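Written below as structure tokens is the structure these notes are about.
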Ligand SMILES: [Mg+2]
Ligand SMILES: [Mg+2]
């Protein structure tokens, strides 16, 4: 059904989701083909004030958002295929324009 | 990170989620280890009247809901591990007591 670029090779998927941010963020753990574990996350359109504890690596699969680190003077745009590291102990805003599907590894 | 009983063997995860039901439902397509093709769905607490043109197999992964077939005299609880064929062409309800993770195929 799905074209190769529309899917991510995997080994396993987690049964249980976790919902946060007033119902607007959900994720499940997954094991990718390389054996590594990520949180496969969906973030609905909206404006989110967040912070990290440990550093986060985010690989965006689909959607569009603006990332703004508290102390930065411009945003970073996130589109399909983008990646970026949220440093440890970072306050930031995500403004999601199109539902954001991403792998978060921490 | 995940014990065996927390996960389901896979081959691929769809990149792009589909959101519906006023933000209450999200699906991505997945391919399981046996090559079969399902909608991996999260349905947030609520009560929803659903239907399909074709029979679909539901396999509940996590959470709790009551299923009520169109016109039926009582409901049926579907817990983690429960699978059934949902007939086509009938307006069933799912009352989601705890966020429901499920596969839906066929
Ligand atoms: Mg603390
Ligand atoms: Mg079983």
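Protein chains in written order, with the authors' numbering: chain B, 0 to 105; chain A, 0 to 105. For each residue, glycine too, the CB sits at the ideal point set by N, CA and C.
Would you mind telling me which residues of chain B sit closer than 7 Å to residue i, beta carbon to beta carbon, in chain order?
i                   : result
residue 9 (chain A) : 9, 10, 11 and 12
Taking C-beta pairs closer than 8 Å, name the residues in chain B that residue i reaches, listed in chain order.
i                    : result
residue 79 (chain A) : 14
residue 5 (chain A)  : 13, 14, 15 and 28
residue 22 (chain A) : 22, 23 and 43
Taking CB distances under 8 Å as the criterion, tell me whether residue i reaches chain A.
i                     : result
residue 85 (chain B)  : no
residue 100 (chain B) : yes
residue 43 (chain B)  : yes
Residues of chain A with a CB under 8 Å from the CB of residue i: which are they?
i                    : result
residue 75 (chain B) : Within 8 Å Cβ-Cβ: nothing; residue 75 (chain B) doesn't reach chain A, min ~20 Å.
residue 61 (chain B) : 14, 15 and 16
Note down the Cα distance separating residue i from residue j, rounded to an integer number of angstroms.
i                    : j                     : result
residue 41 (chain B) : residue 26 (chain A)  : 10 Å
residue 74 (chain B) : residue 16 (chain A)  : 25 Å
residue 52 (chain A) : residue 83 (chain A)  : 16 Å
residue 92 (chain A) : residue 33 (chain A)  : 30 Å
residue 95 (chain B) : residue 76 (chain B)  : 10 Å
residue 85 (chain B) : residue 102 (chain B) : 13 Å
residue 37 (chain B) : residue 81 (chain B)  : 16 Å
residue 39 (chain A) : residue 104 (chain A) : 9 Å
residue 57 (chain A) : residue 6 (chain B)   : 22 Å
Excluding sequence positions up to five away, which residues of its chain have a Cβ less than 6 Å from the Cβ of residue i?
i                    : result
residue 12 (chain A) : 29
residue 97 (chain B) : 62 and 63
Short of 8 Å in beta carbon distance, which residues of its chain neighbour residue i, apart from the five on each side in sequence? Order them along the chain.
i                    : result
residue 87 (chain B) : 51, 52, 53 and 54
Using a beta-carbon distance below 8 Å, is residue i in contact with chain B?
i                    : result
residue 1 (chain A)  : yes
residue 96 (chain A) : no
Which residues in chain A have a C-beta closer than 7 Å to the C-beta of residue i? List them in chain order.
i                    : result
residue 25 (chain B) : 25 and 41
Three CB pairs or more closer than 8 Å across the stretch 11-25 of chain B and the stretch 34-53 of chain B: yes
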